[PDB]
Number of protein chains: 2
Amino acid sequence: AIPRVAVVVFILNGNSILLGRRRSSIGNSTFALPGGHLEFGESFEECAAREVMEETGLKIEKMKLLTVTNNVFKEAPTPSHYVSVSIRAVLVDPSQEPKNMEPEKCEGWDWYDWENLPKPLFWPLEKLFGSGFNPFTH
Amino acid sequence: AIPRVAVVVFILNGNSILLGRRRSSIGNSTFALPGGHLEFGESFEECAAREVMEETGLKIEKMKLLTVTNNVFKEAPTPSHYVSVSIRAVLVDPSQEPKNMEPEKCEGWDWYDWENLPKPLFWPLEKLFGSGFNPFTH
Ligand SMILES: CC(C)CCOP(=O)(O)OP(=O)(O)O
Ligand SMILES: CC(C)CCOP(=O)(O)OP(=O)(O)O
Ligand SMILES: [Mg+2]
Ligand SMILES: [Mg+2]
Ligand SMILES: [Mg+2]
Ligand SMILES: [Mg+2]
Ligand SMILES: [Mg+2]
Ligand SMILES: [Mg+2]
Ligand SMILES: [Mg+2]
């Protein structure tokens, strides 16, 4: 029961980002970014690339730090505290399309225009966007 | 062995920040900021205020998130991995002077001018400044 580090990735593709619905004890069915737990020894950029590859099959590059958010999940099966480091990234091959590589954790990935985001967003993401955060400018 | 979250605080005082030489198995004798481990359920701001109080006796306000750095310490007696969340702040009372509340962890605290910093900086802090990071503007 300590805070744990997650990296989440904004894959900027045109005016769109990649989101998919979680299959999870936490935030089930809400739209969230690809990402996951930072491994011991791993840089943010390597973790971003690796998690995105594991979850979506996509090859990304130009990983750049955006910000960090503190996410305490009060009403969870087990009390959870995650510190979320956000990374922006772009596709290596601009023609690539995601695949749902981990259907046990995600309903599927799709591109969503920044101006037409889906709902409900995973609540840390809703709160981050509600603050005015924009990965296309930040 | 997993990554652990720490909060470090830039206490801004005129043109100067608070630094002290570490007593520690990691970065011993290098100049570092006040800070410490984030506790479960705690916000970055609460942790910042608590750690500066525990370590320096100083009272800080106007905390603002700056950035996050990924600090892997493979050469440590026990390998360590800290994700370090930077917070800027200022003294409630600018005349208040630091006290070395944990002499077992620090040689002592002092104000150092941004333009004339001591050496050696704890290398996460030197890497951060080498990036062009400035806690007064940022
Ligand atoms: C609660 C959570 C969003 C923090 C960790 O993110 P995640 O579920 O995607 O973690 P993993 O991909 O590593 O399984
Ligand atoms: C080493 C650093 C990046 C993170 C740990 O900071 P710290 O040594 O001050 O931790 P404590 O205050 O708890 O002793
Ligand atoms: Mg563009
Ligand atoms: Mg994972
Ligand atoms: Mg994953
Ligand atoms: Mg995941
Ligand atoms: Mg300390
Ligand atoms: Mg501590
Ligand atoms: Mg401490």
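Procedures and definitions
- Residues numbered from 1 in each chain as written, not as in the entry; some residues may be left out.
- Chains lettered and ligands numbered in written order.
- Heavy atoms only, no water.
- Donors = N, O, S within 2.8 Å, 3.2 Å for Na, K, Ca; no water.
- Helix = DSSP H or I, 4+ residues; strand = E, 2+ residues; numbered from the N terminus.
- Buried < 20%, exposed > 50% of the residue type's maximum accessible area, 1.4 Å probe, protein only.
- Contact = heavy atoms within 4.5 Å.
- Buried area = accessible area lost by both parts, 1.4 Å probe.
- Salt bridge = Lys/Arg side-chain N within 4 Å of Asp/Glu carboxyl O.
- Polar contact = N/O pair within 3.5 Å; in protein donor to acceptor, adjacent residues only side chain to side chain.
- Nonpolar A, V, L, I, M, F, W, Y, C, P; charged D, E, K, R; others polar.
- UniProt positions renumbered as here; feature names shortened; annotations may be inferred.
- Disulfide = S-S within 2.5 Å.
- Least-squares fit on C-alpha atoms.
- Core = buried A, V, L, I, M, F, W, Y, C linked by side-chain atoms within 4.5 Å.

(A) View of the coordination of the magnesium ion (ligand 6). All names here are of chain A. Coordination sphere of the magnesium ion (ligand 6), protein contribution only: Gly35 (O) and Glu55 (OE), at 2.2 to 2.4 Å. The two metals, the magnesium ion (ligand 6) and the magnesium ion (ligand 4), are separated by 5.9 Å. A residue pair is termed long-range when its members are at least 10 positions apart, and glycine 35 in strand β4 (residues 35-37) and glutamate 55 in helix α1 (residues 44-56) qualify at 20 residues. Here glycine 35 matches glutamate 55 in class, with each residue buried.

(B) Expanded view of the interface of chain B and chain A. Facing 23 residues of chain B, the contacting portion of chain A comprises 23 residues. Summing the contributions of chain B and of chain A, the shared interface buries around 1,800 Å²; its carbon and sulfur component is 77%. Broken down residue by residue, the surface that chain B buries against chain A is led by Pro3, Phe40 and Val68 of chain B, which jointly contribute 32%. At the surface where chain B touches chain A, the tally comes to zero salt bridges. Seen at the junction of chain B and chain A, the total is four residue pairs in polar contact. Those elements that provide at least two residues to the side of chain B that touches chain A are β1 (4-13), β5 (60-73) and β6 (80-91) of chain B. With six residues, β5 of chain B is the largest single contributor of residues to the side of chain B that touches chain A. Classifying every residue of the side of chain B that touches chain A gives 13 nonpolar, seven polar and three charged.

(C) Here's a closer look at unusual backbone geometry. Residue and element names in this part refer to chain A. A cis geometry characterises the amide bond from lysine 119 onward to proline 120, with omega recorded as -5 degrees. Position of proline 120 relative to the elements: it lies in the loop between β7 (106-113) and α2 (123-130). The phi angle at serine 29 is positive, at roughly 75 degrees, despite the residue not being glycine. Relative to the helices and strands, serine 29 is located in the loop between β2 (16-22) and β3 (31-32). Judged by its relative accessible area of 27%, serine 29 is partly exposed. Positive phi, close to 65 degrees, is recorded for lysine 62, a residue that is not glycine. With respect to the secondary-structure elements, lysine 62 resides in strand β5 (residues 60-73). Residue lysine 62 is classed as exposed on the basis of its relative accessible area, which comes to 57%.

(D) Just the UniProt feature "short sequence motif: Nudix box" in chain A, in detail. Within this structure's numbering, the places UniProt gives as "short sequence motif: Nudix box" are residues 36-57 of chain A. For residues 36-57 of chain A, the helix share is 59%, the strand share is 9%, and the end-to-end C-alpha distance is 14 Å.

(E) Highlighting the state of the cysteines. Under the definition given, this model contains zero disulfides over all chains. The thiol sulfur of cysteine 47 of chain A is not disulfide-bonded, and the nearest other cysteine sulfur, from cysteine 106 of chain A, lies at 16 Å.

(F) Region of the structure containing the relation of the copies chain B and chain A. With an axial shift of 0.0 Å and an RMSD of 0.3 Å, the rotation relating chain B to chain A amounts to 178 degrees. Both copies are brought into coincidence by an operation consistent with a two-fold rotation axis. A shared binding surface is used by both copies, with 100% of the interface residues of chain B retained as interface residues in chain A.

(G) Spotlight on the nonpolar core. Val7, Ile11 and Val85 of chain A together with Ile11 of chain B are the most contacted members of the largest nonpolar core, which totals 42 residues. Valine 85 of chain A has contacts with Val5, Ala6, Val7, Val8, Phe44, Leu65, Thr67 and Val68 of chain A together with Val68 and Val83 of chain B, leaving out every residue within four places of it along the chain. Listed in part, the 15 residues of the second largest apolar core include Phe10, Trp114, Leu128 and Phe133 of chain B.

(H) Representation of the environment of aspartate 113 of chain B within the structure. Residue and element names in this part refer to chain B. Residue position: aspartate 113 is located in strand β7 (residues 106-113). Separated by 91 residues in sequence, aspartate 113 and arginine 22 have C-alpha atoms that sit 19 Å apart. Excluding its chain neighbours within four sequence positions, the residues that come into contact with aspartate 113 are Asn15 and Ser16.

(I) Inspection of the UniProt feature "domain: Nudix hydrolase" in chain A at higher detail. The UniProt record marks residues 2-135 of chain A with the feature "domain: Nudix hydrolase", using the residue numbering of this structure. Secondary structure across residues 2-135 of chain A comprises 16% helix and 40% strand; the distance between its end C-alpha atoms is 28 Å.

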